[PDB]
Amino acid sequence: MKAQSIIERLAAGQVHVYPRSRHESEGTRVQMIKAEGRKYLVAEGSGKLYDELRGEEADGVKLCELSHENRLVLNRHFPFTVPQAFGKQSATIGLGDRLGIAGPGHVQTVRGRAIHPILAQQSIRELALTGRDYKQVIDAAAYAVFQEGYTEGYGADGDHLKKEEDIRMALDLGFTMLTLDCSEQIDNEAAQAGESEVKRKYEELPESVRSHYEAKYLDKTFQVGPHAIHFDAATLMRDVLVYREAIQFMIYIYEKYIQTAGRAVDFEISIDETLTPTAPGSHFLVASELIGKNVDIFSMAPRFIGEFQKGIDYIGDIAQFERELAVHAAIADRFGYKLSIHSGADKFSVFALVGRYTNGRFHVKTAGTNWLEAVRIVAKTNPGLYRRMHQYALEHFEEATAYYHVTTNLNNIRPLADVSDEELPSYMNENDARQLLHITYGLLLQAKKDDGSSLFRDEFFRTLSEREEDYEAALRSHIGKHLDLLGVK
Ligand SMILES: [Zn+2]
């Protein structure tokens with residue numbers, strides 16, 4: 001019980017204290033501590049806070065594991081640690097951490113910037129691949145703001161939810177933002193089909209439904225910004241076919257879980273994952289239905305022309321994309337929600353355009369690139385460890401391609417036998433090696449020997465714990481490039 005002798009090593013200034021982490025609650029003072037390579041909670045005083053925190057005692061001092069339990073307790077006393085919504089009228093960034101250790105660095109990039117962090121952000125996919133739960137995602141976010149004294153507030157976004165089970169769960173754990181992914185009710189068939197065929201599939205709809213869209217939309221012209229959107233029969237029928245059922249999904253969920261939720265929630269609707277790129281006029285029609293039914297949209301995340309792959313920059317004609325971007329953006333302003341950029345990390349070619357055309361009102365989601373900067377550190381710090389996992393990613397690539405859409409050319413990665421140790425980090429500058437390391441993250445983390453220990457993960461977390469100020473330095477730099485290119489003041 002007395003290995004809490006650690007506290008005396010702290011008395012002498014022989015443990016790292018986290019400067020901004022002191023915060024009181026009535027009689028108790030709580031500050032955060034790394035000691036022997038473990039972060040700790042350290043409190044002295046008296047009151048409902050001290051008594052509720054779990055820990056070993058010694059003095060009027062307690063040493064608490066950074067636990068889910070103790071953060072629920074910190075949630076009860078310290079409200080900045082609790083997630084919070086921000087609204088559609090502001091600049092936000094999603095800061096995905098698939099590891100639970102990118103928080104503090106994420107916090108240190110936003111302090112001083114005119115942007116709101118969505119510190120906790122994972123998709124259901126990432127919880128599966130990594131084997132984590134949503135309690136953990138909030139834990140790291142809430143301990144990151146505490147550890148760094150970021151009290152200006154942060155968000156928890158359940159990302160890419162599709163099953164109703166997931167929405168209830170994310171609701172239950174206090175996620176303040178919800179991302180309904182509907183890329184899968186998109187009739188990708190009707191989008192490629194021919195004029196005489198859409199009409200066939202469209203005339204197979206109820207009169208009431210067909211009378212609806214035609215009265216509301218047909219042959220009329222909508223002045224968005226300096227942007228006229230017009231619907232002939234050929235276009236209306238296609239978009240109704242292509243998007244109808246997905247529109248119906250959004251409205252059902254808004255009514256069932258979002259608006260009955262009892263607290264503020266950001267409702268992001270997402271279709272960036274479709275195969276059908278979201279045509280601007282199509283975008284107009286989906287919001288116009290959502291809004292005319294009094295859905296309260298935080299943000300739309302469409303499928304832009306060209307392709308947004310994981311870990312790499314835009315693929316397409318950037319001139320065309322700007323022309324699509326201007327109208328999307330104009331659509332989101334007339335309606336008053338924001339455009340949400342998925343797969344946004346490393347899309348350096350789109351950032352100024354996004355910033356300008358949205359006058360700073362946008363959502364940009366990063367996640368894997370943070371796992372990639374941690375991979376950079378191993379390459380910089382544990383060459384052998386990186387070699388061991390660079391090779392395992394190789395032999396399990398085609399596996400992981402069942403879960404992300406990437407056109408990686410395996411034939412652009414210099415063989416491991418060919419790059420010196422100090423040349424390892426430069427892989428994390430390269431398109432193909434980046435994508436290789438990007439999507440294989442679930443296999444690496446879950447890798448076990450037939451002994452059942454972690455093949456990689458535990459050794460990986462120790463070096464990351466050891467070169468922490470490095471990791472955080474990388475995030476500050478890589479994520480800053482992003483925010484400066486976006487024009488965050
Ligand atoms: Zn996404």
# chains A, B, ... in the order shown; residues from 1 in each chain; ligands from 1
$ residues_near_ligand --ligand "ligand 1" --cutoff "9 Å" --atoms "only C-alpha atoms and all ligand atoms" --output "ChimeraX atom specification"
/A:122-123,159-160,179,181,270,272-273,301,341-344,365-367
$ residues_around --residues "residue A:28" --least-positions-apart "5" --cutoff "6 Å" --atoms "only C-alpha atoms" --output "MDAnalysis selection string"
chainID A and resid 44:46 50
$ write_last_selection --atoms "N, CA, C and O atoms" --output "compact mmCIF listing (two decimals), in the first residue's frame"
# COMPACT_ATOMS: atom_id res chain seq x y z
N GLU A 44 -4.37 16.71 -2.50
CA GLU A 44 -4.26 17.01 -1.08
C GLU A 44 -5.40 17.95 -0.72
O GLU A 44 -5.79 18.81 -1.52
N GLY A 45 -5.93 17.78 0.48
CA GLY A 45 -7.02 18.61 0.96
C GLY A 45 -8.08 17.82 1.69
O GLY A 45 -7.77 16.87 2.42
N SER A 46 -9.34 18.20 1.50
CA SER A 46 -10.47 17.47 2.06
C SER A 46 -11.72 17.94 1.35
O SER A 46 -11.83 19.11 0.97
N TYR A 50 -11.78 14.74 -2.79
CA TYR A 50 -10.81 13.82 -2.20
C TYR A 50 -11.45 12.47 -1.85
O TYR A 50 -10.90 11.41 -2.17
$ residues_around --residues "residue A:335" --least-positions-apart "2" --cutoff "8 Å" --atoms "only C-alpha atoms" --output "short mmCIF file (atom, residue, chain, number, x, y, z; two decimals) with C-alpha atoms, in the first residue's frame"
data_model
loop_
_atom_site.label_atom_id
_atom_site.label_comp_id
_atom_site.auth_asym_id
_atom_site.auth_seq_id
_atom_site.Cartn_x
_atom_site.Cartn_y
_atom_site.Cartn_z
CA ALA A 287 -30.50 19.56 -46.97
CA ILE A 291 -34.37 21.50 -43.24
CA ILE A 331 -25.33 25.51 -50.00
CA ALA A 332 -24.16 25.08 -46.40
CA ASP A 333 -24.41 28.84 -45.74
CA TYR A 337 -24.70 24.27 -41.08
#
$ closest_atom_pairs --of "stretch 84-194 of chain A" --to "stretch 388-408 of chain A" --cutoff "12 Å" --atoms "only C-alpha atoms" --output "Markdown table"
| residue | atom | partner | partner_atom | distance |
| --- | --- | --- | --- | --- |
| A:124 | CA | A:403 | CA | 11.9 |
| A:125 | CA | A:403 | CA | 8.3 |
| A:126 | CA | A:403 | CA | 10.2 |
| A:128 | CA | A:403 | CA | 11.0 |
| A:129 | CA | A:403 | CA | 9.6 |
$ write_last_selection --atoms "C-alpha atoms" --output "compact mmCIF listing (two decimals), in the first residue's frame"
# COMPACT_ATOMS: atom_id res chain seq x y z
CA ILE A 124 -17.07 2.29 -34.79
CA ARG A 125 -14.61 0.78 -37.24
CA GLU A 126 -11.66 2.04 -35.19
CA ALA A 128 -13.27 -2.72 -33.66
CA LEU A 129 -9.82 -2.71 -35.25
$ residues_around --residues "residue A:364" --least-positions-apart "3" --cutoff "10 Å" --atoms "only C-alpha atoms" --output "list in words"
residues 91, 92, 93, 94, 95, 118, 301, 339, 340, 341, 342, 343, 344, 345, 351, 354, 482, 483 and 486 of chain A
$ residues_around --residues "stretch 456-469 of chain A" --least-positions-apart "5" --cutoff "9 Å" --atoms "only C-alpha atoms" --output "ChimeraX atom specification"
/A:37-38,99,101,105,374,377-378,381-382,385-386,388-389,444-448,474
$ closest_residue --among "A:259, A:176, A:477, A:282" --to "residue A:240" --atoms "only C-alpha atoms"
A:282
$ select_by_dssp --residues "stretch 191-323 of chain A" --states "alpha helix (DSSP H)" --output "NGL selection string"
:A and (191-192 or 195-202 or 207-217 or 233-253 or 280-292 or 318-323)
$ closest_residue --among "A:349, A:151, A:278, A:221" --to "residue A:316" --atoms "only C-alpha atoms"
A:349
$ residues_around --residues "residue A:352" --least-positions-apart "4" --cutoff "10 Å" --atoms "only C-alpha atoms" --output "number ranges by chain"
A: 348, 356-358, 360, 482-487
$ residues_around --residues "stretch 182-191 of chain A" --least-positions-apart "6" --cutoff "7 Å" --atoms "only C-alpha atoms" --output "list in words"
residues 198, 238, 241, 242, 243, 245, 246, 270, 271, 272, 273, 274, 275 and 276 of chain A
$ select_by_dssp --residues "stretch 140-278 of chain A" --states "strand (DSSP E or B)" --output "number ranges by chain"
A: 156-161, 177-181, 221-223, 228-230, 266-270
$ closest_residue --among "A:33, A:297, A:74, A:110" --to "residue A:51" --atoms "only C-alpha atoms"
A:74
$ closest_residue --among "A:363, A:48, A:310, A:478" --to "residue A:86" --atoms "only C-alpha atoms"
A:363
$ decode --residues "stretch 305-319 of chain A" --atoms "N, CA, C and O atoms" --output "mmCIF file, in the first residue's frame"
data_model
loop_
_atom_site.group_PDB
_atom_site.id
_atom_site.type_symbol
_atom_site.label_atom_id
_atom_site.label_comp_id
_atom_site.auth_asym_id
_atom_site.auth_seq_id
_atom_site.Cartn_x
_atom_site.Cartn_y
_atom_site.Cartn_z
ATOM 1 N N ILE A 305 -15.733 15.475 -55.594
ATOM 2 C CA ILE A 305 -15.123 14.973 -56.814
ATOM 3 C C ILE A 305 -13.639 14.760 -56.574
ATOM 4 O O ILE A 305 -13.014 15.436 -55.752
ATOM 5 N N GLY A 306 -13.062 13.835 -57.320
ATOM 6 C CA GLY A 306 -11.749 13.381 -56.937
ATOM 7 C C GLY A 306 -11.888 12.538 -55.684
ATOM 8 O O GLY A 306 -12.973 12.270 -55.204
ATOM 9 N N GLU A 307 -10.760 12.125 -55.145
ATOM 10 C CA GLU A 307 -10.816 11.157 -54.067
ATOM 11 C C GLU A 307 -9.960 11.581 -52.891
ATOM 12 O O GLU A 307 -8.857 12.111 -53.059
ATOM 13 N N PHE A 308 -10.497 11.335 -51.705
ATOM 14 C CA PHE A 308 -9.880 11.631 -50.426
ATOM 15 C C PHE A 308 -9.460 10.297 -49.818
ATOM 16 O O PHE A 308 -10.222 9.666 -49.083
ATOM 17 N N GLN A 309 -8.241 9.876 -50.114
ATOM 18 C CA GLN A 309 -7.756 8.642 -49.533
ATOM 19 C C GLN A 309 -7.091 8.902 -48.191
ATOM 20 O O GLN A 309 -6.756 10.035 -47.843
ATOM 21 N N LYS A 310 -6.894 7.825 -47.438
ATOM 22 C CA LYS A 310 -6.272 7.941 -46.129
ATOM 23 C C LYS A 310 -4.789 8.228 -46.262
ATOM 24 O O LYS A 310 -4.068 7.506 -46.956
ATOM 25 N N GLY A 311 -4.334 9.279 -45.586
ATOM 26 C CA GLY A 311 -2.924 9.520 -45.385
ATOM 27 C C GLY A 311 -2.237 10.300 -46.478
ATOM 28 O O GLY A 311 -1.042 10.596 -46.347
ATOM 29 N N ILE A 312 -2.946 10.651 -47.545
ATOM 30 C CA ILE A 312 -2.351 11.278 -48.713
ATOM 31 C C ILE A 312 -3.197 12.474 -49.093
ATOM 32 O O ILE A 312 -4.299 12.666 -48.587
ATOM 33 N N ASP A 313 -2.659 13.269 -50.010
ATOM 34 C CA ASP A 313 -3.260 14.498 -50.489
ATOM 35 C C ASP A 313 -4.241 14.199 -51.616
ATOM 36 O O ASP A 313 -4.310 13.084 -52.141
ATOM 37 N N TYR A 314 -4.985 15.237 -51.993
ATOM 38 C CA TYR A 314 -6.100 15.121 -52.918
ATOM 39 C C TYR A 314 -5.663 14.486 -54.226
ATOM 40 O O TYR A 314 -4.547 14.700 -54.710
ATOM 41 N N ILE A 315 -6.560 13.686 -54.791
ATOM 42 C CA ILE A 315 -6.378 13.122 -56.114
ATOM 43 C C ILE A 315 -7.512 13.631 -56.977
ATOM 44 O O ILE A 315 -8.683 13.359 -56.683
ATOM 45 N N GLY A 316 -7.175 14.384 -58.015
ATOM 46 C CA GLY A 316 -8.166 14.832 -58.976
ATOM 47 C C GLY A 316 -7.702 16.100 -59.662
ATOM 48 O O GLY A 316 -6.524 16.438 -59.632
ATOM 49 N N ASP A 317 -8.658 16.781 -60.285
ATOM 50 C CA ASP A 317 -8.441 18.100 -60.866
ATOM 51 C C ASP A 317 -8.855 19.127 -59.812
ATOM 52 O O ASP A 317 -10.048 19.289 -59.516
ATOM 53 N N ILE A 318 -7.869 19.821 -59.245
ATOM 54 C CA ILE A 318 -8.165 20.754 -58.166
ATOM 55 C C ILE A 318 -9.010 21.920 -58.665
ATOM 56 O O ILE A 318 -9.795 22.491 -57.895
ATOM 57 N N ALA A 319 -8.893 22.283 -59.951
ATOM 58 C CA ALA A 319 -9.752 23.324 -60.513
ATOM 59 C C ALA A 319 -11.219 22.926 -60.439
ATOM 60 O O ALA A 319 -12.067 23.704 -59.991
#
